[PDB]
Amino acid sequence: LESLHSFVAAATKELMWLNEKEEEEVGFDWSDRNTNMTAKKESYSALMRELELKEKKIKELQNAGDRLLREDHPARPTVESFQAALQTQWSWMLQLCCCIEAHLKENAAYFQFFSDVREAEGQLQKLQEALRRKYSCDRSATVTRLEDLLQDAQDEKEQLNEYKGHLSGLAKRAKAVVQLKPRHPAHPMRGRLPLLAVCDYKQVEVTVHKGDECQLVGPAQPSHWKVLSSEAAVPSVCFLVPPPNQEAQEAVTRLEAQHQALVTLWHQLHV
């Protein structure tokens, strides 16, 4: 009857919406290439608001279904089926949200870290340039000599020390930066990758729990990875590629070496 048809109709609309959002989030680019983290943050926030309202509608639908179940239909089976589909997709939606939380956090941190690395190397280049001017340019004119006398080398040395400390801070931060490059399908695998599960995934072949430590095996169908918990194909969004990021750590080491060279140069010029 009209009662049932309205239920099936309404449940189909909600299932359409959820399936739409799922396809958006699964096939989302959480890799090196995608930089617009602020836009993702805004979008995600908006999705959240949509879900807070949607919760009420879906709870209403579940109730409407339960009502229909009291009077045994020949349509009971497909009603129970739709009820289960709503519960399942609804929960999986929230789990996808857990993935978004984790990815926004770690990814924002990744971009921020590398930006800070660029900022630091910049200032080291400025320093090197200054020193090169001290030992290359003509210090003959009395103006230049007076400038040197007016210059506090001890203050320059304290600047250098402070910078050593900053660099140490960066080295520490690099030990916790995730891997974003190994997420793109255009990445060469020279071995298996460590994966950290950031949500609950649940199916016949495999069940993944939040925090489960897994191994990446290789690309499956778009947006999916064949991984090892039991081996199976899971949506790439369920996983962080945890530290260590060797690019990051080696970057900070490169900085420390360049800085040590500059300090040595400074001491050679001043003592």
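Position 1 is the first residue in the sequence shown; the rest follow in order.
Unmodelled stretch separating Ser229 from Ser230: 1 to 3 residues (count of deposited-sequence residues without coordinates). Once the C-alpha B-factors are averaged per stretch, 67-75 and 163-171 rank with 67-75 first. For the pair 200-208 and 30-38, the mean B factor over Cα atoms is greater in 200-208.
Among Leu47, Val241, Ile58, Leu53, the highest C-alpha B-factor recorded in the PDB entry belongs to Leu53.
Out of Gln154, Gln128, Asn107, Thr88, the entry records its largest CA B-factor for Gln154.
Per the PDB record, residue ranking by Cα B-factor puts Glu121 in the middle third of the chain. Looking at the C-alpha B-factors along this chain, the one for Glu147 belongs to the middle third. Remark: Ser236 belongs to the middle third of its chain, ranked by C-alpha B-factor as recorded.
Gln95: CA B factor lies in the lowest third for its chain, per the PDB record. Per the deposited record, the Cα B-factor of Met189 falls in the highest third when ranked against the other modelled residues of its chain.
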